[PDB]
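The structure appears right after this line, and notes come after that.
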Amino acid sequence: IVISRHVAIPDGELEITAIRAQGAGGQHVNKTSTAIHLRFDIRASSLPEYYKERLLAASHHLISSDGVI
Amino acid sequence: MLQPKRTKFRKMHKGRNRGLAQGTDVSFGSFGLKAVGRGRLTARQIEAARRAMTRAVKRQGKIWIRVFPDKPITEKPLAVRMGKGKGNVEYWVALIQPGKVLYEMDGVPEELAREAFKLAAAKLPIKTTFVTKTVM
Amino acid sequence: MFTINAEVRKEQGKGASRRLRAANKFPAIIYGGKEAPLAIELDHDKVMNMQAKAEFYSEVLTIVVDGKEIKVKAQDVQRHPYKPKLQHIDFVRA
Amino acid sequence: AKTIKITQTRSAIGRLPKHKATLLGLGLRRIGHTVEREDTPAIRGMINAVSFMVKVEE
Amino acid sequence: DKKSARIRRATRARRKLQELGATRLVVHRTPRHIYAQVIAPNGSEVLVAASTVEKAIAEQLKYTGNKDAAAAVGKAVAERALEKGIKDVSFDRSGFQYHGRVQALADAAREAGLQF
Amino acid sequence: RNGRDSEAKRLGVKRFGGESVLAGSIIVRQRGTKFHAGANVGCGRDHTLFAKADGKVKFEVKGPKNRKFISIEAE
RNA sequence: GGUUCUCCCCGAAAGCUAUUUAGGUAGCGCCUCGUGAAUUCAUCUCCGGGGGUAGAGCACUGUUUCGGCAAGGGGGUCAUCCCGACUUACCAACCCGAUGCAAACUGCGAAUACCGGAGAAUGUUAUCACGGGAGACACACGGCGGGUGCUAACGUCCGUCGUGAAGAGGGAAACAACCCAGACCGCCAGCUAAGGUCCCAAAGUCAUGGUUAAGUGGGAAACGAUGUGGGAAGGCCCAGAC
RNA sequence: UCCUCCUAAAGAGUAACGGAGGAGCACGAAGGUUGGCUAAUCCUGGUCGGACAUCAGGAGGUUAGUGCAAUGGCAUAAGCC
RNA sequence: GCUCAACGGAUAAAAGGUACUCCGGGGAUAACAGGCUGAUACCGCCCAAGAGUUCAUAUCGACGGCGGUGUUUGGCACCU
RNA sequence: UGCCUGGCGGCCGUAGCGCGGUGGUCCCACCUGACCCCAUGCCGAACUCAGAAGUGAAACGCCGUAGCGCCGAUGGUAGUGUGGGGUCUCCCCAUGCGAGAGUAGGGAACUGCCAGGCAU
Ligand SMILES: [Mg+2]
Ligand SMILES: [Mg+2]
Ligand SMILES: [Mg+2]
Ligand SMILES: [Mg+2]
Ligand SMILES: [Mg+2]
Ligand SMILES: [Mg+2]
Ligand SMILES: [Mg+2]
Ligand SMILES: [Mg+2]
Ligand SMILES: [Mg+2]
Ligand SMILES: [Mg+2]
Ligand SMILES: [Mg+2]
Ligand SMILES: [Mg+2]
Ligand SMILES: [Mg+2]
Ligand SMILES: [Mg+2]
Ligand SMILES: [Mg+2]
Ligand SMILES: [Mg+2]
Ligand SMILES: [Mg+2]
Ligand SMILES: [Mg+2]
Ligand SMILES: [Mg+2]
Ligand SMILES: [Mg+2]
Ligand SMILES: [Mg+2]
Ligand SMILES: [Mg+2]
Ligand SMILES: [Mg+2]
Ligand SMILES: [Mg+2]
Ligand SMILES: [Mg+2]
Ligand SMILES: [Mg+2]
Ligand SMILES: [Mg+2]
Ligand SMILES: [Mg+2]
Ligand SMILES: [Mg+2]
Ligand SMILES: [Mg+2]
Ligand SMILES: [Mg+2]
Ligand SMILES: [Mg+2]
Ligand SMILES: [Mg+2]
Ligand SMILES: [Mg+2]
Ligand SMILES: [Mg+2]
Ligand code: NA
């Protein structure tokens, strides 16, 4: 929701879905959607430049090649 | 954010909200916003109403908040079982009975009075009206 | 000098007074002095109009009961909590 | 002296134990059952206690 | 002060006597003219009160307000009590320390019939 | 934390006014001298008021402090 | 898990306390059988009782707003040296006035309930004691007072009442616990309760006034609107208004 | 396990993995009894000495204390000698 | 003479694993699913500070509020 | 019989506090003195003793005084038992009980026994 003392996330630019986890767990991890899958567009979010720019000028495994985290 | 500076106990019972109200007649200002309904006013609500009210008028006028939350309402964290003790204080509310004058105001023409009080009552979960100070 | 008609409260108490206030009247009590205070029922719309004037309480009033006329000053009034209504008034004789 | 005739008009089923005992202290057993009792203040109070399920013809 | 201090000193034993229900003999010393009384358990009426302030005991003494005058008063209340049939009483210091004039009165009355 | 308590003591007024008693029969159990020892009524170390004569209880407001006393009238 | 012929009579509990105890058991509470005994018991009225709950209040414990106030504080008028004057442009204790709030606040304080006494009526002794026999200690919903929970739950845990359990019949379409109501048996007899009366489907297309235009009736909030019925006043206006 | 308040619905009782605290002792004087005494705070003075010791007066009126928690008491003091 | 304190104390004296497992029971009680609820989730609406060159309502909407759905994770443990 | 005073009470603020006034024949109080009876955790302050020289100044009693304190109606409201109903975490209706606060006002205590002084 917040990063620095100045920039923050209004949650109106951050969609989350509840999907299933992996690995062990029994008949629970099968049905129950307990893992979180978070998507966050940067190109079209209320973030400053030098944040949008600095993300899109990076190579992190969380950042998709389409400017979405 | 109104709050009891150094209360006595942290958590208190839910209780009830039966009866009519006591802060009923306009005491301080020329006019006021009586509560026709019944319920609770979170500190966030009182703050938003006071801001929506003190901005509709400029720094002109004077406003009295005849309500103060002084009741800690607790909620359990998300995804917990029942039991294991009472929750944790998360906000403070003032129980409002029909008749409690929530905001008094003076120093502005009744035009600004009614307008600001409508702008404020838009931010409250409880029916309100507009009352004038009465005599005898 | 506001003239106010009236009637003696036939039966008194909470239930009767609530029936009264539902009948578009309301009670009031004239006391002050040595005579027994007079329990009065009296119309609501007239009186709620009268009290709207800033003179209703500063001046004197002529309560009419069985032809009798009483000069009184409204000492104390029980208003409704949130409705523009009156529940009761203390009319002090003289 | 003067007696008074009392009937039952409602069921004593969903009634409080005080009212069960009061109907017993009147002598009423059924709905429509009628009895005759001395008209004493104790009896008149015993009636206005269950005034909702007893009909009186003084 | 002085008066209420002594009175609260007395209140304890006064109330204890009022509890025990005894016909209590009371003493009120005073820089002059020591007084004495005898009051029934209900405490609203006395039976014997022989104090120096009576002119029968006035002249017969040098100074009302010495242990000797107190002894005369004690003998006087004792005689009047044995006249009133009161054999025994319970002494009341009334806050006064049972040392000087009050002790003189008490010893006198004790030797003069009253079984307190 | 919380969760503790103590078994209730069963204090109170075991005998009320106008209530015949025997000698020594307890009348009031209490902590303080909320009710004070009147005539024919004792006061145990528990501040328990008990009877000192077979009579009838009586509550009064004797005294300048209005403290309530409990007498027993052998009626 | 199962436990086998019949009728009649009474008929519970799912609570407390303790338990390597929690789904078992033991005493007691509740049922039954026998005996004994007292207005012994209940209800109503009166009389004597103690409370500190609801409500209220803010003297107390805190808490809260506004204002007046001001010891002090801290600046300069100060060097106007033992000492105090002013001001503070300001900072404010205490106190006062006006406004609320409290399960763990109370100088106030019910209704009820409970205890005790007396008085009649009624109750198949309705009561207590002992003895034979138990069962039961998994309770549920509804109302009322609550904690907890989210002033969520057919949630949970308490107090109290009712019901189901262990009670059928009528109503709520259907619907253990809601409303009416307690089934000994038979009747092709009647009056009623809740609930109903156009047809399914027994009973009013009932009578008098009203309202609703929505199929509202026959799901729902903030809020919004010349919807329409009413009431009370007003403003301007035949010195002719809108 | 025991104690105190509240929940607990003005008799008793009353549950929660409900809300707030405590104890597993101390004392031959901290008990008995007799006698005596009366607090906290603030103000004004007054050697350091200050906001705050001690001294005095005043206001106050028990807002102190109660060997240790809370409640209930406690001026006849249960408080201090 | 016992922190027999698990404090009505079962012995003077006793810790674990089991996915190699077994038996007796339970939906009295969990995992899945259905259920009641709707915190959470999602969706809509009210207010309008502001942003929108000026202009709140093209578009967006602070501080706050009112609901709907029953897609999530929960809650309860009602069915198995 | 009237007043004043002292003791012991009933009663516990309609009785207390304040403000103004007044009292010394008796009483009471202050007071004088203290080797002593006794006394201080130092002090004849207090307690105690031996007396009254002096004063009602303080104290206390009494009178007036509402400035508080206190008491306190009548109605109305709140709450509530029982029955019923709703638009139901809140109410309404029929009935019974009915406050609290506040208001009008009241309010400068009343009183028994004994003893003394004075009037008589
Ligand atoms: Mg009513
Ligand atoms: Mg129980
Ligand atoms: Mg309350
Ligand atoms: Mg069991
Ligand atoms: Mg059980
Ligand atoms: Mg409930
Ligand atoms: Mg069963
Ligand atoms: Mg049935
Ligand atoms: Mg049926
Ligand atoms: Mg059916
Ligand atoms: Mg249905
Ligand atoms: Mg029924
Ligand atoms: Mg039959
Ligand atoms: Mg018929
Ligand atoms: Mg038909
Ligand atoms: Mg429809
Ligand atoms: Mg209780
Ligand atoms: Mg109770
Ligand atoms: Mg001690
Ligand atoms: Mg002593
Ligand atoms: Mg001691
Ligand atoms: Mg145990
Ligand atoms: Mg064991
Ligand atoms: Mg292997
Ligand atoms: Mg198996
Ligand atoms: Mg099975
Ligand atoms: Mg499930
Ligand atoms: Mg289940
Ligand atoms: Mg369950
Ligand atoms: Mg299923
Ligand atoms: Mg003189
Ligand atoms: Mg002297
Ligand atoms: Mg003088
Ligand atoms: Mg009152
Ligand atoms: Mg006489
Ligand atoms: Na007014």
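Please note: Cβ atoms are built from the backbone with ideal geometry, for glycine as well, and neighbour counts cover all protein chains shown. Each value in this text was obtained by applying a stated rule to the coordinates, not by laboratory testing.
To keep it simple, each residue is scored yes or no on (1) in a strand (DSSP E or B); (2) touching a helix residue (DSSP H, G or I) at 6+ places or on another chain (Cβ under 8 Å).
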residue	(1), (2)
E:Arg8	no, no
E:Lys16	no, no
E:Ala22	no, no
E:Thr30	no, no
E:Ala36	yes, yes
E:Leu47	yes, yes
E:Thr52	no, yes
E:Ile57	no, yes
Residue check: is B:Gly19 more than 16 Å from RNA strand H (Cβ to nearest atom), surrounded by fewer than 13 Cβ atoms within 10 Å (Cβ to Cβ) and at positive phi? yes
Considering only segment C:21-32, I want to know if a residue exists there that is within 14 Å of C:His88 (Cα to Cα), within 16 Å of RNA strand G (Cβ to nearest atom) and touching an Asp or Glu at 6+ places or on another chain (Cβ under 6 Å). yes
Of all the residues that make up segment D:13-43, how many are more than 7 Å from RNA strand G (Cβ to nearest atom), in contact (Cβ under 8 Å) with a residue 24 or more places away in the chain and at negative phi? 8
What is the residue count in segment E:81-99 for residues that are under 18 Å from E:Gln18 (Cβ atoms) and not basic (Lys, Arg)? 8
Restricting to segment D:10-58, what's the tally of residues that are in contact with a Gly (Cβ under 8 Å, 6 or more places away or on another chain) and hydroxyl-bearing (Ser, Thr, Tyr)? 0
Test F:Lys62 against the stated conditions and say whether it is surrounded by fewer than 18 Cβ atoms within 10 Å (Cβ to Cβ) and under 9 Å from the mean Cα position of the chain (by Cα). no
Residue within segment B:79-93 that is closer than 17 Å to B:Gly29 by Cα, within 14 Å of another protein chain (Cβ to nearest Cβ), away from ligand 36 (no atom under 16 Å from the Cβ) and not small (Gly, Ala, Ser) present: no
Does C:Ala52 count as within 16 Å of ligand 36 (Cβ to nearest atom) and either more than 14 Å from chain B (Cβ to nearest Cβ) or out of contact with any strand residue (DSSP E or B) (no Cβ under 8 Å at 6 or more places or on another chain) (or both)? yes
Condition set within 14 Å of chain C (Cβ to nearest Cβ) and part of a strand (DSSP E or B), scope segment B:96-110, selection surrounded by the fewest Cβ atoms within 10 Å (Cβ to Cβ): answer is B:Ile96
Residue in segment A:50-58 that is among the basic types (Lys, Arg) and touching a strand residue (DSSP E or B) at 6+ places or on another chain (Cβ under 7 Å) present: no
Could you grab me the full set of residues in segment A:45-65 that are in contact (Cβ under 8 Å) with a residue 24 or more places away in the chain and not hydroxyl-bearing (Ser, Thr, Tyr)? A:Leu47, A:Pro48
With a cut-off of at least 1 residues that are surrounded by 12 or more Cβ atoms within 10 Å (Cβ to Cβ) and within 13 Å of RNA strand J (Cβ to nearest atom), name the strands (runs of 3 or more DSSP E) lying wholly within chain D. D:54-57
Test of understanding: among D:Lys55, D:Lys18, which residue is within 16 Å of RNA strand H (Cβ to nearest atom) and basic (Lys, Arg)? D:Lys18
Is it true that some residue in segment B:39-58 is more than 14 Å from every other protein chain (Cβ to nearest Cβ), within 30 Å of F:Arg4 (Cβ to Cβ) and touching a helix residue (DSSP H, G or I) at 6+ places or on another chain (Cβ under 7 Å)? no
What single numbered condition from (1) assigned to a helix (DSSP H, G or I); (2) surrounded by 13 or more Cβ atoms within 10 Å (Cβ to Cβ) fails to hold for C:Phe26? (1)
Look through B:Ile126, B:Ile63, B:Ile73 and report the one residue that is surrounded by 14 or more Cβ atoms within 10 Å (Cβ to Cβ), within 14 Å of chain C (Cβ to nearest Cβ) and of a type in the set (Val, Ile, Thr). B:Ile126
Qualifying position, being out of contact with any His (no Cβ under 6 Å at 6 or more places or on another chain), assigned to a loop (DSSP other than H, G, I, E, B) and over 30 Å from B:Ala79 (Cβ atoms), among A:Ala58, A:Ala21: A:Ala58
Top-ranked residue of segment B:41-53 - restricted to ones that are touching a residue at least 60 places away in the same chain (Cβ under 8 Å) and surrounded by 16 or more Cβ atoms within 10 Å (Cβ to Cβ), ranked as nearest to RNA strand G (Cβ to nearest atom): B:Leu41
Restricting the search to segment F:31-46, which residues are of a type outside the set (A, V, I, L, M) and buried (at least 17 other Cβ atoms within 10 Å of the Cβ)? F:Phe35, F:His36, F:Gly38, F:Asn40, F:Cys43
Taking only segment B:17-38 into account, find how many residues are touching a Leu at 6+ places or on another chain (Cβ under 9 Å) and more than 14 Å from every other protein chain (Cβ to nearest Cβ). 1
Matching entry among C:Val72, C:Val64 (being within 14 Å of chain B (Cβ to nearest Cβ), closer than 14 Å to C:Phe91 by Cβ and assigned to a strand (DSSP E or B)): C:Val72
Look at C:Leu20 and say whether it is assigned to a strand (DSSP E or B), crowded, with 16+ Cβ neighbours inside 10 Å and away from every other protein chain (no Cβ under 14 Å). no
Which residue is surrounded by the fewest Cβ atoms within 10 Å (Cβ to Cβ), if the candidates are limited to segment C:75-88 and must be at the interface with chain B (Cβ under 10 Å from one of its Cβ atoms) and either in a strand (DSSP E or B) or β-branched (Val, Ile, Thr) (or both)? C:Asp76
